[PDB]
Chemist: 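Sharing a structure here in structure tokens format.
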Amino acid sequence: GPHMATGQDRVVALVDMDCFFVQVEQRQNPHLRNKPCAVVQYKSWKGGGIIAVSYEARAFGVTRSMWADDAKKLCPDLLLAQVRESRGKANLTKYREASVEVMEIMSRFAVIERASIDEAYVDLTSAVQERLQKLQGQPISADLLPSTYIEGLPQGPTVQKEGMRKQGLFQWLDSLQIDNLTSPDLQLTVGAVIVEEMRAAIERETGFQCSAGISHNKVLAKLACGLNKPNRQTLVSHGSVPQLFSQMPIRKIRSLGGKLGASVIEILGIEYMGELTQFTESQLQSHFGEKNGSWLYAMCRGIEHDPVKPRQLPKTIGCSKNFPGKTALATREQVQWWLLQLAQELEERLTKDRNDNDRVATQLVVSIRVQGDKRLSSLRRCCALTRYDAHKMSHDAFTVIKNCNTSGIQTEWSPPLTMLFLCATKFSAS
DNA sequence: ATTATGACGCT
DNA sequence: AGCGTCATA
Ligand SMILES: [Mn+2]
Ligand SMILES: [Mn+2]
């Protein structure tokens, strides 16, 4: 245990915007503020599909992946904002641009890894070292942590939520050894001070509220972020992990929400993350492979080494559209019209990207789905991307897929297409 | 008939 | 390269 690496070398934060597309719409339209509201795409089919939900609306049981007509049954006064439509399809440009606003603010504090349209990881290790020296070994005042929860506290020997939060924070700060500049708990605490500042800057400069997690790695930071949403941040210390994990369903951990997580549970006969500690690393590797087993063995002990990648920008720019049920594309001209629609939005986004970010895509991926099939994608073919023009891209896309047509006559398309996807990839500096 | 994305791992 | 998994609004 002298040599037992603690996995406490880094301070990592995860910042995630609260109900993000909803906040974007509420900033634009003040009538939606502090109301049960949701963001919907399309409208004809069952009122449209919900993709974001305000906390007021979640109180009524409204969720994402709910049809708006069904959501209105739970919440009759639900207000709805519609995703823009351009060239016959949902267009997410407003939310992508809002995301850039937030990411550029975070980048003033540290290197960030864009993890989704509305969240980024922050490696704060260096910022913390600097703030620690600025500090002088003064105590950290509760006043510097006005929206911070310390997971696991208060504990040991009032019934208000904010009262509980301060109780826990006071116990944490009372215990801290601010004397030691290499203390991991102290380092997390200064990390949280910086994230309060970052979150204040995001709200001041965009109007958007967010939550955050602070811990020693990405998985714990992501988990921490969720603990006290909305508009709060949570510090998960190395020490808080045994109790936290002792009743944490395995599926709650990032990457375990799917088939792998289900196989951990079934094969091992366990339910909670903490139960993993009873297996040897070799045992876990035998069941889940070398990489996953090593990852699980360390992760259940609160340790993970995945770095925060310095990447603020998406690696791919894609445009996709489903043609569900009876709207499936059964005609050549239909297929070519929609490929052009997709290609025109792609050209628009690619040109904007080239101007803002000094880079050019070099590969065009074309993906389709066929009726009665499978899975999200039936077939994925790549071809060169040499020019940002929609007509070339759409013609090229048709070329690589046109032989998928089992149809006897080339005017018809069989079996009908239920999805088209164009994705630009393999960016190079330009 | 959730839809529209976007990253990463496997072979 | 093409496929599959996991994730987010
Ligand atoms: Mn969010
Ligand atoms: Mn998110």
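Computation of the quantities below employed the complete heavy-atom set of this structure, encompassing side-chain atoms and omitting hydrogens, waters and symmetry-equivalent molecules. So that the names make sense, note that chain A is the first sequence line, chain B the second, and so on, each numbered from 1.
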Chemist: I'd like to check the salt bridge (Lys or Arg N to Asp or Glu O under 4.0 Å) partners of A:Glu85; sequence neighbours left out, ordered by chain and number.
Modeler: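 Counting only residues at least two positions away or on another chain, A:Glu85 forms no salt bridge (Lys or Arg N to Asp or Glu O under 4.0 Å).
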
Chemist: Not counting sequence neighbours, list each pair that qualifies as a ring pair (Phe, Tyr, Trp, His ring centres under 6.0 Å) and has a residue in residues 338-367 of chain A.
Modeler: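 Residue pairs with at least one partner in residues 338-367 of chain A: A:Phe323-A:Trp338.
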
Chemist: How about A:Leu376: does its CG atom have over 12 heavy atoms from other parts shown lying under 6.0 Å from it?
Modeler: no

Chemist: Quick check against the 3.5 Å criterion: does A:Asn217 have a side-chain atom that pairs as donor or acceptor with the backbone of A:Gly302?
Modeler: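 Yes; judged by distance alone, with no hydrogens or angles, the pair exists.
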
Chemist: Are A:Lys218 and A:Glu113 within salt-bridge range, i.e. N to O under 4.0 Å?
Modeler: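 Counted as a salt bridge, because a side-chain N and a carboxylate O are separated by less than 4.0 Å.
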
Chemist: Would a distance-only check, ignoring hydrogens and angles, find a side-chain to backbone donor-acceptor pair under 3.5 Å from A:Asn357 to A:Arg359?
Modeler: no

Chemist: Of all residues at least two apart in sequence or in a different chain, which pass the salt bridge (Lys or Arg N to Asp or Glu O under 4.0 Å) check with A:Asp389?
Modeler: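 For A:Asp389 there are no salt bridge (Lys or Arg N to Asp or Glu O under 4.0 Å) partners, ignoring immediate neighbours.
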
Chemist: Tell me, yes or no, whether the heavy-atom count around A:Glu290 atom CD, taken from other residues, nucleotides or ligands under 6.0 Å, exceeds 12.
Modeler: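 At most 12 heavy atoms, drawn from other residues, nucleotides or ligands, come within 6.0 Å of this atom.
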
Chemist: Is there a side-chain hydrogen bond (donor to acceptor under 3.5 Å, both in side chains) between A:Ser107 and A:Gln312? Walk through the geometry before answering.
Modeler: CA-CA 8 Å; A:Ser107 293; A:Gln312 185 180 347; 3.1 Å; yes

Chemist: For A:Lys89, is there any backbone N or O sitting under 3.5 Å from a side-chain donor or acceptor partner on A:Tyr42?
Modeler: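 No, the answer is negative, given that no donor and acceptor are paired below the 3.5 Å cut-off.
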
Chemist: Please determine, by modelled atom types, if A:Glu119 and A:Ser116 share a side-chain donor-acceptor pair under 3.5 angstrom.
Modeler: yes

Chemist: Who passes side-chain contact (heavy atoms from CB on, under 4.5 Å) against A:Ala201, sequence neighbours left out?
Modeler: A:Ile105, A:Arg108, A:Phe109, A:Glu205

Chemist: One thing to verify: whether A:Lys46 and A:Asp69 come together as a salt bridge, which I'm taking to mean a side-chain N less than 4.0 angstrom from a carboxylate O.
Modeler: no

Chemist: Report all side-chain donor-acceptor pairs from residues 262-280 of chain A shorter than 3.5 Å, counting only partners two or more places apart or in another chain.
Modeler:
from, atom 1, to, atom 2, distance (Å)
A:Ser263, OG, A:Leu260, O, 2.7
A:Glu275, OE2, A:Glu271, N, 2.9
A:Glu275, OE2, A:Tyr272, N, 3.0
A:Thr277, OG1, A:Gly274, O, 3.1
A:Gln278, NE2, A:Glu275, O, 2.9
A:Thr280, OG1, A:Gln283, N, 3.0
A:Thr280, OG1, A:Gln283, OE1, 3.4

Chemist: Consider only side-chain N and O atoms of A:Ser86 and A:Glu345, and report whether a donor and an acceptor are under 3.5 Å apart.
Modeler: no

Chemist: According to the ring pair (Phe, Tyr, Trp, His ring centres under 6.0 Å) rule, which pairs have a member within residues 297-319 of chain A, sequence neighbours left out?
Modeler: none

Chemist: Would you find a donor on one side and an acceptor on the other, under 3.5 Å apart, between the side chain of A:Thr425 and the backbone of A:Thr316?
Modeler: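 No; judged by distance alone, with no hydrogens or angles, the pair does not exist.
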
Chemist: Within the supplied structure, the quantity of interest is the number of heavy atoms (other residues, nucleotides, ligands) at a distance under 6.0 Å from A:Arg387 CZ; does it exceed 12?
Modeler: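 Open.
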
Chemist: Are A:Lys72 and A:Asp77 ion-paired here, with the side-chain N under 4.0 Å from a carboxylate O?
Modeler: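 No, no charged N to carboxylate O under 4.0 Å.
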
Chemist: What's the spacing between A:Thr234 OG1 and A:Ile214 CD1 if we round to 0.5 Å?
Modeler: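 Rounded to the nearest 0.5 Å, the OG1-CD1 separation comes to 7.0 Å.
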
Chemist: Side chain of A:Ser211, backbone of A:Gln233: donor and acceptor closer than 3.5 Å?
Modeler: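 Answer holds: no.
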
Chemist: Kindly say whether A:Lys374 contributes a backbone atom to a donor-acceptor pair with the side chain of A:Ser378 at under 3.5 angstrom?
Modeler: no

Chemist: With ring pair (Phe, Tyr, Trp, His ring centres under 6.0 Å) as the rule and sequence neighbours excluded, what pairs involving residues 192-234 of chain A come up?
Modeler: A:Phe20-A:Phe208

Chemist: I'd like to know whether CD of A:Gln243 has more than 12 heavy-atom contacts from other residues, nucleotides or ligands below 6.0 angstrom.
Modeler: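 Result for CD/A:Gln243: open.
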
Chemist: Can you name the residues that form a ring pair (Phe, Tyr, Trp, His ring centres under 6.0 Å) with A:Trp295, not counting sequence neighbours?
Modeler: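 If we apply the ring pair (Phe, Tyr, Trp, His ring centres under 6.0 Å) test to A:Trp295, skipping adjacent residues, there are no hits.
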
Chemist: Please lay out, stage by stage, how A:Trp172 and A:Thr189 fare under the test side-chain hydrogen bond (donor to acceptor under 3.5 Å, both in side chains).
Modeler: CA-CA 9 Å; A:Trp172 176 254; A:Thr189 304; 2.8 Å; yes

Chemist: In chain order, what residues pass the side-chain contact (heavy atoms from CB on, under 4.5 Å) check against A:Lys94, with sequence neighbours excluded?
Modeler: A:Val24, A:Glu25, A:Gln28

Chemist: Is the number of heavy atoms from other residues, nucleotides or ligands under 6.0 Å of A:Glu333 CD greater than 12?
Modeler: no

Chemist: Counting distance only, does the side-chain N/O of A:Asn29 pair as donor-acceptor with the main-chain N or O of A:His31 below 3.5 Å?
Modeler: yes

Chemist: Looking only at the side chains, is there a donor atom on one of A:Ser394 and A:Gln336 sitting less than 3.5 Å from an acceptor on the other?
Modeler: no

Chemist: Taking A:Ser240 for the side chain and A:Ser237 for the main chain, is one N or O donor matched with an acceptor at less than 3.5 Å?
Modeler: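 Present.
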
Chemist: Taking only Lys NZ, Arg NE, NH1 and NH2, and the carboxylate oxygens of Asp or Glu, determine whether A:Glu196 and A:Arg232 approach each other closer than 4.0 Å.
Modeler: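 Salt bridge flag = no for A:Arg232 with A:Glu196.
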
Chemist: Salt-bridge test for A:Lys352 and A:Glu348: reply yes if a basic N is under 4.0 Å from a carboxylate O, no otherwise.
Modeler: no

Chemist: Are more than 12 heavy atoms, taken from residues, nucleotides or ligands other than A:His287, located less than 6.0 Å from that residue's NE2 atom?
Modeler: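 Enclosed: over 12 neighbouring heavy atoms sit under 6.0 Å from NE2 of A:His287.
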
Chemist: Side-chain contact, heavy-atom cut-off 4.5 Å: A:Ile409 with A:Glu412?
Modeler: yes

Chemist: Under the rule for salt bridge (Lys or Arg N to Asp or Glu O under 4.0 Å), what residues qualify as partners of A:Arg381, not counting sequence neighbours?
Modeler: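 Testing A:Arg381 for salt bridge (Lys or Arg N to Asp or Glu O under 4.0 Å), a comparison that skips the adjacent residues, returns none.
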
Chemist: If only atom types and distance count, is the side chain of A:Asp396 paired as donor or acceptor with the main-chain N or O of A:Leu385 below 3.5 Å?
Modeler: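 Side chain of A:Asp396 to backbone of A:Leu385, a donor-acceptor pair under 3.5 Å: no, none is there.
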
Chemist: Please confirm whether the backbone N or O of A:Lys426 pairs with a side-chain atom of A:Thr362, one donor and one acceptor, at under 3.5 Å?
Modeler: yes

Chemist: Using the side-chain contact (heavy atoms from CB on, under 4.5 Å) criterion, which residues pair with A:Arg254? Sequence neighbours excluded.
Modeler: A:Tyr121

Chemist: I'd like to check the side-chain hydrogen bond (donor to acceptor under 3.5 Å, both in side chains) partners of A:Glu56; sequence neighbours left out, ordered by chain and number.
Modeler: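 A:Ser54.
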
Chemist: To the nearest 0.5 Å, how far apart are CD1 in A:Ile117 and CZ in A:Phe21?
Modeler: 4.0 Å

